[PDB]
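A quick write-up on the structure given underneath.
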Amino acid sequence: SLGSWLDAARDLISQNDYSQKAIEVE
Amino acid sequence: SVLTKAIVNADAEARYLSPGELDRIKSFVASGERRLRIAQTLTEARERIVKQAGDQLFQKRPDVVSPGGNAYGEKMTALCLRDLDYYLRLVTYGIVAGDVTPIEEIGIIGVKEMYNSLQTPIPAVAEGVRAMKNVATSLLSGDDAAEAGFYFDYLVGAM
Amino acid sequence: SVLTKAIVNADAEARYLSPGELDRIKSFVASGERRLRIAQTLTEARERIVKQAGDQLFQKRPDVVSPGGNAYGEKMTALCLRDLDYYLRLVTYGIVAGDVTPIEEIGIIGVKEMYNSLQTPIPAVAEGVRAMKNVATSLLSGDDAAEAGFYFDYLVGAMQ
Amino acid sequence: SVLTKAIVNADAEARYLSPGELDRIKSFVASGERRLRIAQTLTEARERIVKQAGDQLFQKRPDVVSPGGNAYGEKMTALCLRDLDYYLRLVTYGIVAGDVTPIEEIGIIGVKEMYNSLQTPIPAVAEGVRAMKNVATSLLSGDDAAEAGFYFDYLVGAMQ
Amino acid sequence: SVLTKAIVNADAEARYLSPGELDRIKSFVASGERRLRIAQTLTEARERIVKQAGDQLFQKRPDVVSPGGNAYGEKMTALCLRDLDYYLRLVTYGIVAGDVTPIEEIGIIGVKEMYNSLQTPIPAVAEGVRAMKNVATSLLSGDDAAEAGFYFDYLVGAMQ
Amino acid sequence: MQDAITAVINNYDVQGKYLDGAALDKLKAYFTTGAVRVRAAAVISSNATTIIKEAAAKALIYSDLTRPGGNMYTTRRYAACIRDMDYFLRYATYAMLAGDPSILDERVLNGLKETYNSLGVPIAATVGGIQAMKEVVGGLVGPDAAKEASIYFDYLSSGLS
Amino acid sequence: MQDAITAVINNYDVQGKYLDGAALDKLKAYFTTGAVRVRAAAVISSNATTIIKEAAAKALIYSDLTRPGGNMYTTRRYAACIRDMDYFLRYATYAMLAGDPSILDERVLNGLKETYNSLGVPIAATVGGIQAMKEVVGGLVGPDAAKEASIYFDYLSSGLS
Amino acid sequence: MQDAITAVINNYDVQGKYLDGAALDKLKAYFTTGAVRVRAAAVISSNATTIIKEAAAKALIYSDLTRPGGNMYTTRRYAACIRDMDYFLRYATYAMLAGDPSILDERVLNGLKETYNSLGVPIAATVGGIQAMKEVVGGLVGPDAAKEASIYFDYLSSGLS
Amino acid sequence: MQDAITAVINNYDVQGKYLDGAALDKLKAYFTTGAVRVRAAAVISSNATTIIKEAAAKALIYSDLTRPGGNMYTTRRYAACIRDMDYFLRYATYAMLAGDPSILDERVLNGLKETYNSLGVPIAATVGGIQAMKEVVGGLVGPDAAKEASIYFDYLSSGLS
Amino acid sequence: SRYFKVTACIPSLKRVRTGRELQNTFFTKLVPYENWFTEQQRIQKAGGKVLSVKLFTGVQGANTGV
Amino acid sequence: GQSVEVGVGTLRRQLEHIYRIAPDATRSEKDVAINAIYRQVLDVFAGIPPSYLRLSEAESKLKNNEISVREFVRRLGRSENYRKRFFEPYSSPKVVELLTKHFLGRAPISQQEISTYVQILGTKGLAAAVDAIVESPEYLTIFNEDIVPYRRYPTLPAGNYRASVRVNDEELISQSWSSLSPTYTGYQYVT
Ligand SMILES: *[C@H](C)[C@H]1/C(=C/c2[nH]c(/C=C3N=C(/C=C4\NC(=O)C(CC)=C4C)C(C)=C\3CCC(=O)O)c(CCC(=O)O)c2C)NC(=O)[C@@H]1C
Ligand SMILES: *[C@H](C)[C@H]1/C(=C/c2[nH]c(/C=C3N=C(/C=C4\NC(=O)C(CC)=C4C)C(C)=C\3CCC(=O)O)c(CCC(=O)O)c2C)NC(=O)[C@@H]1C
Ligand SMILES: *[C@H](C)[C@H]1/C(=C/c2[nH]c(/C=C3N=C(/C=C4\NC(=O)C(CC)=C4C)C(C)=C\3CCC(=O)O)c(CCC(=O)O)c2C)NC(=O)[C@@H]1C
Ligand SMILES: *[C@H](C)[C@H]1/C(=C/c2[nH]c(/C=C3N=C(/C=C4\NC(=O)C(CC)=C4C)C(C)=C\3CCC(=O)O)c(CCC(=O)O)c2C)NC(=O)[C@@H]1C
Ligand SMILES: *[C@H](C)[C@H]1/C(=C/c2[nH]c(/C=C3N=C(/C=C4\NC(=O)C(CC)=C4C)C(C)=C\3CCC(=O)O)c(CCC(=O)O)c2C)NC(=O)[C@@H]1C
Ligand SMILES: *[C@H](C)[C@H]1/C(=C/c2[nH]c(/C=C3N=C(/C=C4\NC(=O)C(CC)=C4C)C(C)=C\3CCC(=O)O)c(CCC(=O)O)c2C)NC(=O)[C@@H]1C
Ligand SMILES: *[C@H](C)[C@H]1/C(=C/c2[nH]c(/C=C3N=C(/C=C4\NC(=O)C(CC)=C4C)C(C)=C\3CCC(=O)O)c(CCC(=O)O)c2C)NC(=O)[C@@H]1C
Ligand SMILES: *[C@H](C)[C@H]1/C(=C/c2[nH]c(/C=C3N=C(/C=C4\NC(=O)C(CC)=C4C)C(C)=C\3CCC(=O)O)c(CCC(=O)O)c2C)NC(=O)[C@@H]1C
Ligand SMILES: *[C@H](C)[C@H]1/C(=C/c2[nH]c(/C=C3N=C(/C=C4\NC(=O)C(CC)=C4C)C(C)=C\3CCC(=O)O)c(CCC(=O)O)c2C)NC(=O)[C@@H]1C
């Protein structure tokens, strides 16, 4: 079921938005 | 394990174990208690290692978790985390065995084929393992950390 | 050596050295200092070890030092002791190397065939090595003696 | 080439060329004139094919032409176009040969390994070839396009 | 057949069928209708072809139909004709298949060994097949005759 | 193996009969179908990887099989399963060109059930995967081609079960 | 082959479970035994030829087997029998180090019965020879080691019979 | 090997040039010749044994070579010589179809002179035999074919000498 | 092959001398270096792919060699070149652990120059690529390790040239 | 092509070998048809016994496709 | 005075591993032996076959223990990659040298051995020559059905130890299998 992953993953998506960062060469 | 490897070489040469082979077994069994401790620490902190490494990975590669990206969507994101958890469990097995035989059969041979079909990018799975190393290493004593590091590095090499 | 053996296994697998194989190398380098001390002790006591072991062997087997026996006569007895000295030297090399590879190439391959031409009895030779182990063990510390024992045992195993 | 392949199989069997093999050679020589025309068309339109294909590829995959992506930067973008041009040249050689043998030795064997070192994504490359096929098909006559399609398809299949 | 051969080559390479291999299949299926007509013509004229070829062969080689010769006597002469009929039937099968694989299994492998036991001369048999070709060619259209010729030639090549 | 053309010749050779009109009609039938088959085969080869992916998504993945304790758990086993899928697809394509199911029996089907049973590979799931591939293939090839394609996929499925 | 450590790991991997304290305890148990096993193995290797000689004297030689018409009659057969004895001893030593009987099944035991039946080698006598070796080994290794050593010898004997 | 078509391709590929009209003209030239070559090849294959017999009669047999003390004396050596003749004929036929001498260089010509010198095979006689085959072949193939056939025979002869 | 420890032993064995303090000092020297070498080897193995990529970028690629006509032109040849680079790197790592260059002479360097000359592989460029790898490796391993690592890379380069 | 499945047991009667030879001694295997006649002979000369032969692939008495 | 690595030397022994596949064996053990087959018979110096070189159906039958290592080695030689890499570029006498090296581990013993195999190649396949060596008695004594072929430098026949050193240690392959895109001599230096 990956239930722990399902709740943790949405928690992660809500806390931070990846759709702006853009890749950094670093 | 160390045992399996030693025995297999001896059997192939149809001989009893060398003094060198015996010595390696002795050293390994002395290290056993320490190895079990390292594994236990990582097992306990599993959820943290995966999650913090996951966060770093998503920061490092925003694209994967983007509408265009493969990992996009919560279900997909969960699967990527599930994968990280699987790889962490494998590492612990390696540490207690003292070799990669368990790791290799379960997680690296045929790995190229599977991810390529899925279209998940491997030139990034390795990065996730690197990430996991950094987190895991911070929960270990310096000597313990080095031991653990080797196994993490092997995974990165194998991909 | 330990190193040689590890490299050879990696070459066969066509791989870089495994974490486990690297760990084995690490253990060997740590042990090295102790190993050197053990070897030095045996080197110093060599003359005594050979002589005492010879005596025990001759007590164990009167025959070798008898008219029928190969060892019979002064020259022959010396040669039998010389052989024991050679094996002791090899054992010391083995201890520092951490493997029998040095021992094996110099002394255990073709040994049967060599002794058979000479007509020397192989089991007696093995007894002489066992004798040498007992003498060596007494000089060595208990922990040291165990280490030394393995190498002595290998010789006995290889030629019997 | 068709010819090469037929001869090579016969040599291995140590036999003169079969009636069926001879027939296939006859068919190829008849088709040759058509094949040359198809190749010429693509050669003339090459600059256009590469450009149009490139555009489609970049539209389909923003990432390659992005800071993270391999293609990012003018030099890199040029190299990605250069690659597409190389693959088109290979395809033309294939059409005149009547086989992918020319294509395969120059471009498909070792391609994965080369791209993996470069870190270029192989699936993107495949997309670019697919793109090139679509453009090429439009220039070619329907019958011609089918012939040309097979060679393009082979490339796409191999780069996977 | 052409189909069998193409699939077998692909299976050895462990790959799906190449563009060139597919093209050869396409050409063959177009040719097929014509091939069927050629086969039908030969089947209808078979009795005549065998008879005429027999006569020419006996003209070419008086010896075979002589007391020493194998063909001598009615039963033996019938058997020689029966053999010619068998080879003609094989040729028809070959024409429709577009390949000699069917012919080869039934007629060309072990042929030397079979004839050697019988003591029939193999070169004479080849002459009979040549004879059959000449008769068959006359009945066939020039283009058709060329196609048929290849299969006849293969037989002559295979036993020589 | 045996193809449609050779199969006819095979049957006439045991009789010893020269090729006859009825036989010729069977050969004629194959020759008309042939063009369609060639087109279908090229479609399948180009889309082969996708066909396998789609079929796995439909049946194999996100399932108990992929989860630990399942026969497709571990990378090694996952990779073996998709390799077998590829085999089935390739052989079905060969059969479709040939117009004969014999090749499937000779190379794929013979001994497969017994091997699978010893391995512990689940036959039912495998059959399901073959059926899934057929559906995907059917779409790509188009209807006329699909009928021909379907019989070879069905032949594999029946053999396994 | 499989060893004690890997056997625990494999059992947890099929469950998908991370390693737990109960599992750790089994692993810990092996690690304490290990030192003793290594010492035992060295003893056996050094005395291997003697062990076989003593065991043969106890069971095989001075018997009908050695006498004409017996399986161990002729030099070729005598030599083959003591070669087999050496195999059993070597593999039991390997198993004792490993702490797992798997290697015996994988290499020694697999196909042995069938081969023996075709050869005409008498299984009962062979078993007797293995049991004899065990007793001799027991003496050399010492009591603590002997218990561990015994189970692998017993495992071989049961497999053969 | 490399055929005529691939030889053109290779020249352009090292330059990196796409195929051009001048290149296309060379390819076109080959395609007209092609049909003739195929006909010639079938003629040669059917008459292969005869061609070798006639050529041997012209040069090798009834000679000192066949007589005692000669390199083709003894059945073993006679048979080896006719085997070589057959190889030359087969490879020349392959070259004629290909329209390229490369195959001859890669397999037949490479190391042949040195081998012959160690064996003691006389090169001059061998060359003579090749030239004899050419003349016989020329007759069978017919004039248009003969010109093409001749160059490959000549290529072999020059290589050997 | 020979390693540092065995090299000392071999020198004493030809003399017939037992090991002495001077010899022991050389052995002692190796044992201190050893720990560093092990760490370096692990670094190189993990970063092996990267090392080769960087080295190729520095010397081989973006060059006439990659462009048509060049040895590293064609995918097949590109892949061969990076294959060889990986071999050299793996053996250098083995030499560094061993503390002796012997292994390089035996497996890596044997017949290499002559083979390269026949192939047309350019030696100078290869040497350049080895030197490039060394620089990259030097950075990863760190300075103490780098000195040790450098000598083996230099040994390879000198051999090839 | 036709294939045979073959089981055989082979003894070493000329020499005594230390390495494990069980895989050579009892060997079920698949043999191409064209190889079997040679492989049968080989087992017989060694004084092995051929326990079983079955035709895995191919049809009995087929004139073509063989 | 002479050292332990003087004549034959320590290395060539101990670089030789007998590999036997066991049915029970772990995949990681099995794959090391399979890789060794590829590296002896196709001369894969790097020791890990590129995927295009692999043959998968044969590997699956080997991992299933439906075929022997000997039968796998026979299949490899009848393979197309064998024929393109080793038969087609070479001349028949060199083809034979490569056969003995690849299967058998040694240089050809005699000119009489060379002549028999050359006559096979000319009259029958490459495959028929591959079948002959594997069927050969030498093959069956040294490797039988279980052992993967290894490099063995014999010494029993005269001249064979030298020859087998020259073929296994110095004759690296020096020709390109592929004909297309010949490399130009210049462009040696990278600028
Ligand atoms: C995370 C690093 C990347 C990512 C994640 C992602 N994973 C999957 C799906 C699968 N993961 C596995 C893999 C394993 N199964 C095993 O047995 C093992 C070894 C123990 C592993 C590593 C499986 C089987 C799947 C397929 C589906 C399933 O789990 O049943 C997905 C879904 C695949 C898809 O295309 O939908 C995803 C997205 N994606 C990224 O981009 C990260 C780099
Ligand atoms: C474009 C579709 C994609 C892309 C391409 C890309 N390629 C490079 C660099 C190289 N590509 C080649 C390839 C070839 N050499 C050959 O001989 C052949 C076959 C004839 C090919 C196709 C080579 C040799 C290079 C290396 C540089 C050189 O030419 O010397 C790059 C640049 C990467 C770099 O860091 O150099 C790129 C970007 N990349 C993508 O992401 C596109 C999808
Ligand atoms: C006498 C010349 C020397 C001698 C002999 C000796 N032999 C034994 C014991 C055995 N001898 C054999 C030998 C054979 N078995 C066979 O199948 C053949 C070939 C046909 C032979 C030659 C066997 C099997 C035995 C074991 C006992 C048994 O037969 O059951 C001994 C006894 C010693 C012991 O048991 O340890 C002896 C003394 N010994 C010498 O020193 C003489 C030079
Ligand atoms: C000795 C206690 C008894 C005995 C033994 C005996 N064995 C053979 C022949 C063979 N023995 C084996 C067994 C093994 N080979 C293996 O690889 C393994 C596993 C590691 C085993 C245990 C085999 C395969 C053979 C056949 C060929 C060979 O020599 O290896 C014989 C000879 C029989 C013959 O005629 O060949 C004998 C005598 N027989 C006794 O009577 C004793 C009780
Ligand atoms: C007589 C029993 C049959 C017969 C004979 C015949 N032979 C030839 C020609 C040749 N015969 C040989 C044979 C040998 N050379 C050797 O070295 C040996 C072994 C020592 C032998 C037996 C050779 C070399 C020739 C070729 C010509 C030459 O001598 O240089 C012919 C002529 C062939 C032709 O067709 O012109 C004949 C007739 N033929 C029969 O009909 C008898 C049954
Ligand atoms: C016949 C015209 C002349 C003749 C020939 C002859 N050749 C040999 C021996 C060899 N011939 C070759 C040549 C080839 N082998 C090949 O596979 C090819 C390429 C396809 C060729 C052209 C070789 C390599 C040999 C050596 C090994 C072998 O026999 O195969 C002999 C035998 C000499 C001996 O003593 O061995 C002979 C007689 N010699 C003549 O007299 C004619 C002028
Ligand atoms: C890379 C830096 C340069 C390069 C490499 C390159 N090598 C080949 C071909 C071969 N490489 C070797 C080398 C070895 N074989 C061995 O046995 C050993 C030592 C044990 C080595 C290191 C061999 C023998 C070959 C030939 C066959 C093979 O590929 O296995 C090529 C390809 C040549 C060809 O034409 O195919 C290349 C490109 N070349 C460069 O340009 C770089 C400077
Ligand atoms: C003994 C009188 C002297 C001696 C001999 C010696 N030889 C070797 C090594 C080899 N010997 C041979 C020689 C032969 N092989 C043959 O086929 C023949 C002809 C029938 C001979 C005579 C070979 C090829 C080797 C090398 C391979 C092998 O060991 O089998 C050595 C040892 C070298 C080594 O490193 O092992 C020695 C010592 N040397 C002396 O000191 C005597 C004067
Ligand atoms: C996938 C749909 C299902 C699945 C497959 C699966 N198969 C194996 C193992 C084997 N597969 C085969 C089958 C074949 N080999 C062939 O050559 C052919 C004919 C061309 C077939 C179809 C074989 C022989 C094996 C066994 C040995 C080998 O690995 O080659 C496994 C792996 C089992 C293992 O642990 O090795 C799997 C997973 N199983 C599933 O879960 C799917 C339902």
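Here, A, B, ... name the chains of the structure tokens in the order displayed, residue numbers run from 1 inside each chain, and ligands are numbered from 1 in the same displayed order.
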- Message: What does the list of residues within 9 Å of ligand 9 look like if you count only C-alpha atoms and all ligand atoms, written as a PyMOL selection string?
- Response: (chain F and resi 56+59-60+65-66+70-74+76-88+91+107-110+112+115-116+119-130) or (chain K and resi 27+56-66)
- Query: Could you pull the residues within 8 Å of residue 90 of chain C, counting only C-alpha atoms, minus those fewer than 4 positions along the same chain, as a ChimeraX atom specification?
  - Reply: /C:86,94,102-103,106-107
Written file, previous selection with C-alpha atoms, as a CSV table (one decimal), in the first residue's frame:
```
chain,number,residue,atom,x,y,z
C,86,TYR,CA,64.5,-24.1,4.1
C,94,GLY,CA,54.6,-16.7,4.8
C,102,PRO,CA,55.4,-17.3,-1.1
C,103,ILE,CA,55.6,-20.7,0.7
C,106,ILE,CA,59.0,-22.1,-3.5
C,107,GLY,CA,58.3,-25.3,-1.6
```
- Message: Would you pick out the contacts of segment 45-54 of chain E at 12 Å or less, using only C-alpha atoms, so that residues sharing its chain but fewer than 2 positions from it are not included, and give the list as a PyMOL selection string?
- Response: (chain E and resi 38-43+56-62+64-65+71+77-92+124-140) or (chain F and resi 18-19)
- Protein and nucleic residues near ligand 8, 8 Å, only C-alpha atoms and all ligand atoms, as a list in words: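 Counting only what the definition allows, namely only C-alpha atoms and all ligand atoms, the set is residues 4, 5, 6, 7, 8, 9, 153, 154, 155, 156, 157, 158, 159, 160, 161 and 162 of chain K.
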- Task: Can you check which residues of segment 45-141 of chain G DSSP gives as alpha helix (DSSP H) on the backbone and send them as an MDAnalysis selection string?
- Result: chainID G and resid 45:46 48:55 75:98 102:103 112:119 123:141
- In terms of only C-alpha atoms, the residue from G:39, G:67, G:113, G:147 at minimal distance from chain C is G:39
- Message: as a ChimeraX atom specification, please: the residues near segment 19-35 of chain B (cut-off 10 Å, only C-alpha atoms, same-chain neighbours under 5 positions excluded).
- Response: /B:1-3,5-7,9-10,40,92,94-98,144,147-148 /C:1-2,5,20-21,23-25,27-28,94-95,97-101,147-154 /G:24,27-28,30-39,41-42,97
Sorted per-residue table, chain J near chain K, closest atoms and distance, 8 Å, only C-alpha atoms, as a tab-separated table:
```
residue	atom	partner	partner_atom	distance
J:23	CA	K:146	CA	6.2
J:24	CA	K:145	CA	5.9
J:28	CA	K:66	CA	7.5
J:29	CA	K:67	CA	5.1
J:30	CA	K:67	CA	5.6
J:31	CA	K:71	CA	7.7
J:38	CA	K:135	CA	7.9
J:39	CA	K:135	CA	8.0
```
Keeping only N, CA, C and O atoms, write the selected residues as an mmCIF file, in the first residue's frame.
```cif
data_model
loop_
_atom_site.group_PDB
_atom_site.id
_atom_site.type_symbol
_atom_site.label_atom_id
_atom_site.label_comp_id
_atom_site.auth_asym_id
_atom_site.auth_seq_id
_atom_site.Cartn_x
_atom_site.Cartn_y
_atom_site.Cartn_z
ATOM 1 N N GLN J 23 29.189 -33.326 -12.592
ATOM 2 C CA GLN J 23 28.477 -32.709 -13.696
ATOM 3 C C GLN J 23 28.806 -33.437 -14.992
ATOM 4 O O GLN J 23 27.950 -33.539 -15.854
ATOM 5 N N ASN J 24 30.052 -33.889 -15.163
ATOM 6 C CA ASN J 24 30.415 -34.677 -16.330
ATOM 7 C C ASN J 24 29.843 -36.087 -16.256
ATOM 8 O O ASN J 24 29.661 -36.734 -17.276
ATOM 9 N N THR J 28 22.120 -34.777 -18.139
ATOM 10 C CA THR J 28 21.010 -34.519 -19.057
ATOM 11 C C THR J 28 21.238 -33.238 -19.856
ATOM 12 O O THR J 28 21.567 -32.206 -19.280
ATOM 13 N N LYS J 29 21.019 -33.271 -21.168
ATOM 14 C CA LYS J 29 21.408 -32.160 -22.029
ATOM 15 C C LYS J 29 20.601 -32.179 -23.328
ATOM 16 O O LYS J 29 20.090 -33.195 -23.764
ATOM 17 N N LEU J 30 20.560 -31.041 -23.993
ATOM 18 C CA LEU J 30 19.920 -30.932 -25.280
ATOM 19 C C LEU J 30 20.952 -30.933 -26.394
ATOM 20 O O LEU J 30 21.879 -30.139 -26.383
ATOM 21 N N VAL J 31 20.760 -31.787 -27.387
ATOM 22 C CA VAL J 31 21.758 -31.960 -28.419
ATOM 23 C C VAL J 31 21.097 -31.709 -29.764
ATOM 24 O O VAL J 31 20.064 -32.282 -30.086
ATOM 25 N N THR J 38 27.526 -38.359 -33.255
ATOM 26 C CA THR J 38 28.881 -38.256 -32.745
ATOM 27 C C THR J 38 28.893 -38.313 -31.226
ATOM 28 O O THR J 38 29.788 -38.914 -30.647
ATOM 29 N N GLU J 39 27.922 -37.678 -30.589
ATOM 30 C CA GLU J 39 27.895 -37.604 -29.142
ATOM 31 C C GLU J 39 27.523 -38.937 -28.531
ATOM 32 O O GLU J 39 27.903 -39.205 -27.403
#
```
- Query: Mind pulling up the distance from atom 22 (C, counted along the ligand's line) of ligand 6 to atom CA of residue 132 of chain H?
  - Reply: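 If I compute the distance from atom CA of residue 132 of chain H to atom 22 (C, counted along the ligand's line) of ligand 6, I get 16.0 Å.
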- Residues of chain B near chain D: apply a cut-off of 10 Å, count only C-alpha atoms, and supply the list as a ChimeraX atom specification. /B:61,63,68-69,116-117,119,121,123
Go ahead and dump the residues you just picked, N, CA and C atoms, as a short mmCIF file (atom, residue, chain, number, x, y, z; two decimals), in the first residue's frame.
```cif
data_model
loop_
_atom_site.label_atom_id
_atom_site.label_comp_id
_atom_site.auth_asym_id
_atom_site.auth_seq_id
_atom_site.Cartn_x
_atom_site.Cartn_y
_atom_site.Cartn_z
N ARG B 61 17.02 17.80 -8.36
CA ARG B 61 16.38 17.56 -9.64
C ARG B 61 14.91 17.95 -9.55
N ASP B 63 13.00 18.78 -11.88
CA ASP B 63 12.32 18.36 -13.09
C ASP B 63 11.55 17.07 -12.88
N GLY B 68 5.89 17.85 -16.55
CA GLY B 68 6.63 17.19 -17.61
C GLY B 68 7.33 15.92 -17.12
N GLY B 69 7.95 16.01 -15.93
CA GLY B 69 8.80 14.96 -15.37
C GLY B 69 8.06 13.64 -15.11
N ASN B 116 15.23 1.26 -17.33
CA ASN B 116 15.11 1.75 -18.69
C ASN B 116 13.71 1.50 -19.23
N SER B 117 13.13 0.33 -18.94
CA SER B 117 11.76 0.09 -19.37
C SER B 117 10.83 1.11 -18.72
N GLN B 119 11.52 3.96 -17.67
CA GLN B 119 11.83 5.30 -18.17
C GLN B 119 12.26 6.22 -17.02
N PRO B 121 14.95 7.85 -14.76
CA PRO B 121 16.35 8.12 -15.13
C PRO B 121 17.40 7.65 -14.13
N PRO B 123 20.75 7.98 -14.30
CA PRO B 123 21.68 9.08 -14.03
C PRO B 123 21.14 10.06 -12.99
#
```
- Message: Using only C-alpha atoms and a cut-off of 8 Å, which residues of chain A sit close to chain B? Please list them as a ChimeraX atom specification.
- Response: /A:2,5-6,8-10,12-13,18-24
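Atom pair atom CA of residue 151 of chain I / atom CA of residue 44 of chain I has a distance of 15.3 Å (rounded to one decimal).
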- Query: In Å, with one decimal, what is the gap from atom CA of residue 103 of chain B to atom CA of residue 90 of chain B?
  - Reply: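 Interatomic distance, atom CA of residue 103 of chain B to atom CA of residue 90 of chain B: 5.7 Å.
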- Message: Residues of chain C within 7 Å of chain I, counting only C-alpha atoms - could you list those as a ChimeraX atom specification?
- Response: /C:1,3-4,7,16,22,26,29,32,36,43,89,93,97
- For chain F, which of G:159, G:49, G:7, G:15 is the closest residue, counting only C-alpha atoms?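 Ranking G:159, G:49, G:7, G:15 by distance to chain F, first place goes to G:15.
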- Query: Counting only C-alpha atoms and all ligand atoms, which of J:35, J:64, J:48, J:4 gets nearest to ligand 4?
  - Reply: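 Among the listed residues, the smallest separation from ligand 4 belongs to J:48.
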